[PDB]
C-alpha cells in the first residue's frame, strides 16, 4: 500500500504491563526466566509500563491541580523505573535498560551488541501530551505500539496480568458478566464504551498503523504464554489493527 519501509523487520517488541511488575518477585522471577530462554530465539525490545505508582503520582498531581502535560512525564518515570528493575534482573545475560533517545536512534546498534534491551514503553510526549482528559492518554501500550509500528517490527506482544480482553473488567464490579474475547479488532473495541486492559489511544494509533497487523495480549502470569505468543500461537486475545498486507 506504498507504505513506509520497515526499519527493523526482524525485531520482536514485548510490552510488559506495569501491574505485572507491581506483583514483585512472584511474577517477575518467572517472567525473567522465560525471557532468558527467549533471548537466543528472538531479537527483543522489551518495554515496560508504569503500573500502580503512576496512579499514585496521578492522585497527587491531580490533587495539586496539575494539567495532563504535567502528569505524563511523571507516569513515564514509573515505567522507566520498572525497566531499570527488569534490566537489572537480566544484566547477567547482557541486557541493559536504554533511554528514549537511544531507542529512537541507536536501537539497531544495541541489538547488534546484545540479544535484548529494555526500555520504557511510555512515549516522550510529556508536556506536549494532548489535552482533553486529565489522564495522559498516550501511555505504555500506545508508546510500544507506536515504536513497533514505526520500526515495522515482526510483532508486538502485550504481556498483562489477565488472559486478554474481556467484555468487562474481570477484576471489576461487573466481573460476573465479563466474557473472554479471543479475538477482536481495534475498530470494534474503539466503538465500545467501557474499560479495557489497553489504552484507548492504542486503538487510535492502530487505525493509522502501517505495518503491524495484529497485537496479542497475553497473561504474563502464566509461564509459557509469552513464548507461545512470540511464535504466533493464540494464547490470549488477538487484536486486529486493520492494517492489511501489501
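Numbering follows the first chain given and starts at 1.
- Looking at mean Cα B-factors across 183-191 and 206-214, the upper value is held by 183-191.
- Per the PDB record, of the two stretches 173-181 and 26-34, 173-181 carries the greater mean B-factor over its C-alpha atoms.
- The maximum CA B-factor among the listed residues 104, 85, 159, 90, taken from the PDB record, is found at 104.
- The deposited CA B-factor of residue 124 belongs to the highest third of values across its chain.
- Residue 11: CA B factor in the lowest third of modelled residues in this chain (values from the PDB entry).
- In this PDB entry, the Cα temperature factor of residue 224 sits in the top third of its chain's modelled residues, the highest group.
- Per the deposited record, the Cα B-factor of residue 138 falls in the middle third when ranked against the other modelled residues of its chain.
- Among all modelled residues in its chain, residue 132 ranks in the highest third by Cα B-factor.
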